[PDB]
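Notes follow the structure.
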Amino acid sequence: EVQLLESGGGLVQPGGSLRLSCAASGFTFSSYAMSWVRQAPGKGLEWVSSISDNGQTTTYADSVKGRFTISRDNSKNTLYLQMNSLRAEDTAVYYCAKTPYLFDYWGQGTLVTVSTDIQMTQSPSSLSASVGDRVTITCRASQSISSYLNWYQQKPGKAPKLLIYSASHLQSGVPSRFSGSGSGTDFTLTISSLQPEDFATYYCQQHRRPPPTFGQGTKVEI
């Protein structure tokens, strides 16, 4: 029932402007903070910005400060990202995400084409397995992040999906073949019996310190 319908993206020249809208439904939109996260073509995830529930406090990444602006309408339940002075580096698929750092829901994304922190290293980068295989991915943190670690799943051309939160807690509605473990700087995501719908790129994310940093990714191919 929860829906995050994104629109506004497209093709633009350097210096142009765009307005992304993320219309939300199926929940009390004004009861939660929202975020914009972008993914460059073929690369990992990058937190763009975030706005609180009432729309008062706004946070931005250093690369988009002064040019991008987050806003929200709580009567129409819609998120907004104004993008001026666009650069080719801003070329990415932009998703809107719910809740401060949990990111329990993501929108299908909108494509925008313009033409110091905690590092997260994932091991292995890629792997090829078959149905029923046991897969074990490792996320290593440059600093101790305690249990502030989330595992997301991203099937090709689709939106990311929250799988594990708090390093080991399983998100409601996710199959039990997914396990998270880890305490300090090393975490492991375990798929006990790989099924055909698991072939996808799995990411780890820290939120111990801001801004949230994602892992390089782990592509589980066939």
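Residues in the structure tokens are numbered from 1 in each chain, the chains being A, B, ... in the order shown, and ligands are numbered from 1 in the order shown.
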Just want the 8 Å neighbourhood of stretch 60-76 of chain A, counted on only C-alpha atoms, with same-chain residues fewer than 6 positions away dropped. Output as a PDB file with N, CA and C atoms, in the first residue's frame.
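Just written: result_4.pdb:
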```
ATOM      1  N   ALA A  23       5.748  11.723  -4.731  1.00  0.00           N
ATOM      2  CA  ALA A  23       4.433  11.684  -4.105  1.00  0.00           C
ATOM      3  C   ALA A  23       4.282  10.407  -3.288  1.00  0.00           C
ATOM      4  N   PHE A  29       2.508  10.597   5.960  1.00  0.00           N
ATOM      5  CA  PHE A  29       3.742  11.139   5.397  1.00  0.00           C
ATOM      6  C   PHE A  29       4.389  12.164   6.320  1.00  0.00           C
ATOM      7  N   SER A  30       3.585  13.021   6.949  1.00  0.00           N
ATOM      8  CA  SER A  30       4.152  14.055   7.808  1.00  0.00           C
ATOM      9  C   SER A  30       4.674  13.512   9.136  1.00  0.00           C
ATOM     10  N   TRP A  47      24.110   9.341  -0.488  1.00  0.00           N
ATOM     11  CA  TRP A  47      23.075  10.140   0.160  1.00  0.00           C
ATOM     12  C   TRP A  47      23.168  11.586  -0.307  1.00  0.00           C
ATOM     13  N   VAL A  48      22.075  12.103  -0.865  1.00  0.00           N
ATOM     14  CA  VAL A  48      22.043  13.472  -1.367  1.00  0.00           C
ATOM     15  C   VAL A  48      21.622  14.418  -0.250  1.00  0.00           C
ATOM     16  N   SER A  49      20.416  14.233   0.280  1.00  0.00           N
ATOM     17  CA  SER A  49      19.911  15.184   1.267  1.00  0.00           C
ATOM     18  C   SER A  49      18.843  14.519   2.122  1.00  0.00           C
ATOM     19  N   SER A  50      18.348  15.274   3.102  1.00  0.00           N
ATOM     20  CA  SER A  50      17.368  14.748   4.039  1.00  0.00           C
ATOM     21  C   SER A  50      16.609  15.906   4.674  1.00  0.00           C
ATOM     22  N   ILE A  51      15.319  15.689   4.927  1.00  0.00           N
ATOM     23  CA  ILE A  51      14.440  16.680   5.530  1.00  0.00           C
ATOM     24  C   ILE A  51      13.645  16.016   6.647  1.00  0.00           C
ATOM     25  N   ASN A  54       8.529  17.629  10.007  1.00  0.00           N
ATOM     26  CA  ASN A  54       7.781  18.871   9.873  1.00  0.00           C
ATOM     27  C   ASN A  54       8.327  19.781   8.782  1.00  0.00           C
ATOM     28  N   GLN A  82      14.814  20.426  -5.632  1.00  0.00           N
ATOM     29  CA  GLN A  82      15.165  21.404  -6.651  1.00  0.00           C
ATOM     30  C   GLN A  82      16.650  21.281  -6.958  1.00  0.00           C
ATOM     31  N   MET A  83      16.984  21.123  -8.238  1.00  0.00           N
ATOM     32  CA  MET A  83      18.353  20.886  -8.690  1.00  0.00           C
ATOM     33  C   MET A  83      18.710  21.972  -9.703  1.00  0.00           C
ATOM     34  N   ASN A  84      19.448  22.991  -9.265  1.00  0.00           N
ATOM     35  CA  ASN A  84      19.951  24.022 -10.161  1.00  0.00           C
ATOM     36  C   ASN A  84      21.453  23.852 -10.348  1.00  0.00           C
ATOM     37  N   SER A  85      21.994  24.582 -11.327  1.00  0.00           N
ATOM     38  CA  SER A  85      23.427  24.561 -11.619  1.00  0.00           C
ATOM     39  C   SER A  85      23.937  23.125 -11.723  1.00  0.00           C
ATOM     40  N   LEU A  86      23.256  22.339 -12.550  1.00  0.00           N
ATOM     41  CA  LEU A  86      23.538  20.916 -12.650  1.00  0.00           C
ATOM     42  C   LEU A  86      24.887  20.673 -13.316  1.00  0.00           C
ATOM     43  N   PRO A 211      27.921  12.031   7.284  1.00  0.00           N
ATOM     44  CA  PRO A 211      26.825  11.496   6.468  1.00  0.00           C
ATOM     45  C   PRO A 211      26.880   9.974   6.320  1.00  0.00           C
TER      46      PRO A 211
END
```
Could you give me, as a Markdown table, a per-residue list for stretch 82-153 of chain A showing, wherever an atom lies at most 7 Å from an atom of stretch 31-44 of chain A, the closest pair of atoms and their distance in Å to one decimal, using only C-alpha atoms and sorting by chain then residue number from low to high?
```
| residue | atom | partner | partner_atom | distance |
| --- | --- | --- | --- | --- |
| A:91 | CA | A:40 | CA | 6.2 |
| A:92 | CA | A:40 | CA | 4.1 |
| A:93 | CA | A:39 | CA | 5.2 |
| A:94 | CA | A:38 | CA | 4.3 |
| A:95 | CA | A:37 | CA | 5.4 |
| A:96 | CA | A:36 | CA | 4.7 |
| A:97 | CA | A:35 | CA | 5.1 |
| A:98 | CA | A:34 | CA | 4.8 |
| A:99 | CA | A:33 | CA | 5.0 |
| A:100 | CA | A:33 | CA | 5.6 |
```
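Distance-wise, atom CA of residue A:126 and atom CA of residue A:221 end up 7.3 Å apart.
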Enter the distance from atom CA of residue A:187 to atom CA of residue A:205, in Å, rounded to one decimal.
->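 According to the coordinates, atom CA of residue A:187 and atom CA of residue A:205 are separated by 10.7 Å.
Nearest residue to residue A:80 among A:215, A:8, A:109, A:156 is A:8, counting only C-alpha atoms.
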Cut-off 9 Å: closest stretch 90-147 of chain A/stretch 160-167 of chain A atom pairs per residue, using only C-alpha atoms, as JSON lines:
```
{"residue": "A:95", "atom": "CA", "partner": "A:160", "partner_atom": "CA", "distance": 8.8}
{"residue": "A:102", "atom": "CA", "partner": "A:165", "partner_atom": "CA", "distance": 7.0}
{"residue": "A:103", "atom": "CA", "partner": "A:162", "partner_atom": "CA", "distance": 6.5}
{"residue": "A:104", "atom": "CA", "partner": "A:162", "partner_atom": "CA", "distance": 5.4}
{"residue": "A:105", "atom": "CA", "partner": "A:161", "partner_atom": "CA", "distance": 6.8}
{"residue": "A:106", "atom": "CA", "partner": "A:160", "partner_atom": "CA", "distance": 6.2}
{"residue": "A:107", "atom": "CA", "partner": "A:160", "partner_atom": "CA", "distance": 8.2}
{"residue": "A:108", "atom": "CA", "partner": "A:160", "partner_atom": "CA", "distance": 8.3}
{"residue": "A:146", "atom": "CA", "partner": "A:167", "partner_atom": "CA", "distance": 8.5}
{"residue": "A:147", "atom": "CA", "partner": "A:167", "partner_atom": "CA", "distance": 5.1}
```
Restrict the selected residues to C-alpha atoms and save them as a PDB file, in the first residue's frame.
```pdb
ATOM      1  CA  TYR A  95      15.396   7.717  -5.216  1.00  0.00           C
ATOM      2  CA  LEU A 102      16.549   3.036   8.303  1.00  0.00           C
ATOM      3  CA  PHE A 103      15.410   3.554   4.681  1.00  0.00           C
ATOM      4  CA  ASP A 104      12.554   1.077   5.024  1.00  0.00           C
ATOM      5  CA  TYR A 105      10.995   2.136   1.698  1.00  0.00           C
ATOM      6  CA  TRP A 106      12.469   3.413  -1.572  1.00  0.00           C
ATOM      7  CA  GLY A 107      10.890   4.783  -4.724  1.00  0.00           C
ATOM      8  CA  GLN A 108      11.475   3.264  -8.153  1.00  0.00           C
ATOM      9  CA  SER A 146      28.798  -0.548  16.655  1.00  0.00           C
ATOM     10  CA  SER A 147      25.478  -1.995  15.374  1.00  0.00           C
TER      11      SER A 147
END
```
Can you list, as a compact mmCIF listing (two decimals) with N, CA and C atoms, in the first residue's frame, every residue of stretch 156-192 of chain A that DSSP puts in strand (DSSP E)?
```txt
# COMPACT_ATOMS: atom_id res chain seq x y z
N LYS A 161 16.07 -2.14 -1.47
CA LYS A 161 15.15 -2.75 -0.53
C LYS A 161 15.87 -3.01 0.78
N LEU A 162 15.29 -2.54 1.88
CA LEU A 162 15.88 -2.80 3.19
C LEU A 162 15.73 -4.28 3.53
N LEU A 163 16.84 -4.91 3.89
CA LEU A 163 16.88 -6.33 4.20
C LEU A 163 17.18 -6.56 5.68
N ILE A 164 18.28 -6.01 6.17
CA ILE A 164 18.69 -6.17 7.56
C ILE A 164 18.93 -4.80 8.16
N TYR A 165 18.45 -4.58 9.38
CA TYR A 165 18.76 -3.36 10.10
C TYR A 165 19.39 -3.69 11.45
N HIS A 169 19.17 -7.36 13.00
CA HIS A 169 17.72 -7.44 13.05
C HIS A 169 17.15 -7.56 11.64
N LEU A 170 16.21 -8.49 11.46
CA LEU A 170 15.63 -8.77 10.16
C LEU A 170 14.41 -7.88 9.94
N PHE A 178 17.93 -14.79 5.21
CA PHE A 178 18.82 -13.64 5.28
C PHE A 178 19.24 -13.42 6.73
N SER A 179 20.55 -13.35 6.97
CA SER A 179 21.08 -13.14 8.30
C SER A 179 22.10 -12.02 8.27
N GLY A 180 22.09 -11.20 9.30
CA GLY A 180 23.12 -10.20 9.51
C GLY A 180 23.84 -10.51 10.81
N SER A 181 25.16 -10.33 10.79
CA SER A 181 25.96 -10.49 12.00
C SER A 181 27.12 -9.51 11.96
N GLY A 182 27.70 -9.25 13.12
CA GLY A 182 28.79 -8.31 13.26
C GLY A 182 28.56 -7.40 14.45
N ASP A 186 33.44 -5.36 11.36
CA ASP A 186 33.26 -6.39 10.36
C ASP A 186 31.86 -6.98 10.50
N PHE A 187 31.13 -7.00 9.40
CA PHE A 187 29.77 -7.52 9.36
C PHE A 187 29.65 -8.51 8.22
N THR A 188 28.79 -9.51 8.40
CA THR A 188 28.55 -10.53 7.39
C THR A 188 27.05 -10.66 7.15
N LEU A 189 26.66 -10.59 5.89
CA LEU A 189 25.32 -10.90 5.43
C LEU A 189 25.33 -12.30 4.82
N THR A 190 24.42 -13.15 5.28
CA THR A 190 24.39 -14.56 4.92
C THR A 190 23.07 -14.88 4.26
N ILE A 191 23.13 -15.39 3.03
CA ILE A 191 21.99 -15.97 2.35
C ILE A 191 22.16 -17.48 2.43
```
Residue among A:192, A:110, A:121, A:77 lying closest to residue A:134, counting only C-alpha atoms |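 The closest residue to residue A:134 is A:192.
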Tell me which protein, DNA and RNA residues are within 9 Å of residue A:154, counting only C-alpha atoms, leaving out same-chain ones fewer than 5 positions away, and put them as a list in words.
-> residues 159, 160, 161, 199, 200, 201, 202 and 203 of chain A
Go through A:3, A:113, A:153, A:58 and flag the residue nearest residue A:17, using only C-alpha atoms for the distances.
-> A:113
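Among the candidate residues A:4, A:139, A:88, A:174, the one lying nearest to residue A:112 is A:88, with distances computed using only C-alpha atoms.
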